[PDB]
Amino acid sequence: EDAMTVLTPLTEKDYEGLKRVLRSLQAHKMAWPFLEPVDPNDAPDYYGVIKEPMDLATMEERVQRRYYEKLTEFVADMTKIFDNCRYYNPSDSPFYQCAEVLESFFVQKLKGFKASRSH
């Protein structure tokens, strides 16, 4: 990651962009498995093996509460959603495929955010 992503404190202006990114993910057709926490009754041993669960509703609360101090922390929470999903699920799972497409979409939106920060 670039130094600005690691080191530059997030401003209120930055948080308008973070909310835009999050809303774009929540609206994506393939974000449906990630909107709310994994239901334990759908996924045996999930909370036994996934030590740091994450979901977009939890990130929405953190964005609202100004939890993130650096962009790298926001990216880390987002990356947890996808990494957890690919850890638990087989590569032919619909969940795994959602993580693959949504992560690519996140990286596109993230690159746009970082550039808007530079100007």
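Throughout, we count residues from 1 along the sequence that is shown. For clarity, a rigid core is taken as the largest C-alpha set superposing within 1.5 Å between two forms.
Student: If you line up the core and then measure how far each C-alpha sits from this form in 6 other deposited structures of this protein, which stretch comes out higher, 34 to 42 or 53 to 61?
Tutor: Of 34 to 42 and 53 to 61, the stretch deviating more in 6 other deposited structures of this protein is 34 to 42.
Student: Fit on the core, then compare CA atoms: does 43 to 51 or 68 to 76 lie farther from this form in 6 other deposited structures of this protein?
Tutor: Clearly, after the core fit, the stretch farther away in 6 other deposited structures of this protein is 43 to 51.
Student: On average, which has the higher Cα B-factor in the deposited entry, 49 to 57 or 81 to 89?
Tutor: Taking the mean C-alpha B-factor of 49 to 57 and of 81 to 89, the larger value falls to 49 to 57.
Student: State the tercile, meaning the lowest, middle or highest third, of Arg66 with respect to the CA B-factors recorded for its chain.
Tutor: Its C-alpha B-factor belongs to the middle third of this chain's values.
Student: C-alpha B factor of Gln108, ranked within the chain: lowest, middle or highest third?
Tutor: Highest third.
Student: Among all modelled residues of this chain, ranked by Cα B factor, put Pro37 in the bottom, middle or top third, i.e. lowest, middle or highest.
Tutor: Ranked within chain, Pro37 CA B lands in the middle tercile.
Student: Could you place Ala76 in the lowest, middle or highest third of its chain by Cα temperature factor, using the values in the record?
Tutor: Answer is middle: the recorded C-alpha B-factor places it there.
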